[PDB]
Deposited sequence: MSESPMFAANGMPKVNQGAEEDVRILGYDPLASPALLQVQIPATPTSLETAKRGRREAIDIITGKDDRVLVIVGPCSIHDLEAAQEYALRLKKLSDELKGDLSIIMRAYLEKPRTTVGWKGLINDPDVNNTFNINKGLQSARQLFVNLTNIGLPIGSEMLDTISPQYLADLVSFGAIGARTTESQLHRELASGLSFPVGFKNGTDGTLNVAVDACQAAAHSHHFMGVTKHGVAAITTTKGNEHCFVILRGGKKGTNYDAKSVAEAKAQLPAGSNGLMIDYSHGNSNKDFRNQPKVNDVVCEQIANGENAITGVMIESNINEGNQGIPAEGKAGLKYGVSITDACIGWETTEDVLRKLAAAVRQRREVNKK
């Protein structure tokens, strides 16, 4: 009585042959994973940076942004391992545009087959220039269409507590960051990393698009992302110290999101959070292994203009350069301290 209908869906396998990854795409995705792993598990002293638009609504703008970020990445690679945020799925407070896959025309017509085709072509396009990508894993079915291209998955603050998402993460072939809860505390993200590291059994959709029972092996590459929230921002030294105190043995390093709760509703704060995070890193803080930044070609946001976000406000490209070059410098200073 509350289903209007069901519309046919191309299977993940079909979409994969219709939009094949190139050899460069596959290699890039594998490289982003290895580099991300090496950083969060403490094998490498660089910082893992997940940086880019809040959401992707426009493939051509995403490509321009990617080409700039790939160049800067090549400049800063001795110090930062940079993965582009190419987020396809957006969790809403109540209702609103859910992203590229859900409604690619952004006009409430919801052509999910086209959204999947655009998302995959986008992920091929970005990785084919040698730039790794990451996305929030909101839908538990869409990763079958796209995982082969993905180097990093986030679980958003609103789903970190969800058993289905901990299950999903336990089977993903790449590192997964759990955002702290929207109340600003970390316990649910700590719990989520514990849960995701275990093997799970649950019903899931396969590559031929039918439901089956999946057994996962557990994902040892999950980590907490500090993203602020109602109790306050948590990118400062006390917050980091409190976080480190709640991490179990075996934990991976922490990532700090400069945006969302940590920006206090003003995207212009991201470079201020950077300064505070840089000061900790530069002076010897080794538990901070990652950062996340909402960045776009042009700054701010707009309601539903080229290179301007239609979801959260982002810093613009030039501020992005200055932020990442500062962070790289802090990484070099931490290396000095650690000698």
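**Q** Could you list, start to end, the deposited-sequence stretches with no C-alpha atoms?
**A** Unmodelled stretches, in sequence order: 1-22, 327-334, 370.
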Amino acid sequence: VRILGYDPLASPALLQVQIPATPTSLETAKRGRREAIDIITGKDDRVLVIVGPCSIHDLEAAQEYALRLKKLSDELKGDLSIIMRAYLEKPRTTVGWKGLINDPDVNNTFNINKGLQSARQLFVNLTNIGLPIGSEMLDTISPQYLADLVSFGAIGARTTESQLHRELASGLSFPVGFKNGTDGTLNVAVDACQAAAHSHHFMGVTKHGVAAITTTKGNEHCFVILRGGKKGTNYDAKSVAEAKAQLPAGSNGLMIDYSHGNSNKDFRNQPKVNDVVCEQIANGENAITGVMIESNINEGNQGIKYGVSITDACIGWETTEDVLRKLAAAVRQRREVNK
From here on, numbers count along this sequence of modelled residues.
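The term rigid core refers to the maximal set of C-alpha atoms that superpose within 1.5 Å between the two forms.
**Q** May I ask which stretch, 146-154 or 106-114, sits farther from the shown form in 8 other deposited structures of this protein once every structure is superposed on the core, judging by RMS CA distance?
**A** The more displaced stretch in 8 other deposited structures of this protein turns out to be 106-114.
**Q** Determine if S199 is unmodelled in a third or more of the other PDB entries compared for this protein.
**A** Across the other compared entries, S199 is absent from none.
**Q** At least a third of the other compared entries leaving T94 unmodelled, is that the case?
**A** yes, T94 frequently unmodelled elsewhere, at least a third of entries.
**Q** Averaging the C-alpha B factors as listed in the entry, name the stretch that ends up higher: 58-66 or 289-297.
**A** Per the deposited B-factors, the answer is 58-66.
**Q** On average, which has the higher Cα B-factor in the deposited entry, 260-268 or 160-168?
**A** Stretch with the greater average CA B-factor: 260-268.
**Q** By the entry's C-alpha temperature factors, tell me which of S81, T127, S173, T216 sits highest.
**A** By C-alpha B-factor in the record, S173 ranks first.
**Q** Name the residue from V224, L138, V210, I101 with the greatest C-alpha temperature factor listed in the entry.
**A** Most elevated C-alpha B-factor of the set, per the entry: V210.
**Q** Is the Cα B-factor recorded for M203 in the lowest, middle or highest third of its chain?
**A** CA B-factor rank for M203: middle third.
**Q** Lowest, middle or highest third: where is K231 by Cα B-factor in its chain?
**A** Its C-alpha B-factor belongs to the highest third of this chain's values.
**Q** Split into thirds by Cα B-factor across the chain's modelled residues, where does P53 land: lowest, middle or highest?
**A** Its C-alpha B-factor belongs to the lowest third of this chain's values.
**Q** For the chain shown, is the CA B-factor of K71 in the lowest, middle or highest third of its modelled residues?
**A** Highest third, going by the recorded CA B-factors of the chain.
**Q** Pull the Cα B-factor of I304 out of the PDB entry and bin it into the chain's lowest, middle or highest third.
**A** Its C-alpha B-factor, which the entry lists for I304, ranks in the highest third among residues of this chain.
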